[PDB]
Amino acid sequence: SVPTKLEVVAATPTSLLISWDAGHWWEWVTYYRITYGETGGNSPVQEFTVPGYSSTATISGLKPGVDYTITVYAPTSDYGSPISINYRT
């Protein structure tokens, strides 16, 4: 159910500004954890967390041309499966 609609608004060779639909007031979670790592897997992934009222987040420090996989987890799996997508800088 939440989060819903994970897409990339702006894109730099080294950065990605992502956004999602945080739900709607009474379905606002307290936080979303965002996981971004290389689409391959030669190294582990990176991960941070964003407050639940926020629907957007920035991802800095990426390598140009490399494809990445971004996942936005809810606080728990009860709010639905985590939405994940793919993008190339």
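Residue numbers here begin at 1 and follow the sequence given. Definition used throughout: the rigid core is the maximal C-alpha set that superposes within 1.5 Å between two forms.
Quick check: by Cα RMS after rigid core superposition, does 22 to 30 or 57 to 65 differ more from this form in 4 other deposited structures of this protein?
Evaluated in 4 other deposited structures of this protein, the stretch farther from the shown form is 22 to 30.
Report the stretch with the higher mean CA temperature factor, choosing between 34 to 42 and 58 to 66 on the basis of the entry.
Result of the comparison: 34 to 42.
Could you check the entry and say whether 77 to 85 or 7 to 15 has the higher mean CA B-factor?
Taking the mean C-alpha B-factor of 77 to 85 and of 7 to 15, the larger value falls to 77 to 85.
Would the CA B-factor of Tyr53 place it in the lowest, middle or highest third of its chain?
Tercile = middle for this residue's CA B-factor.
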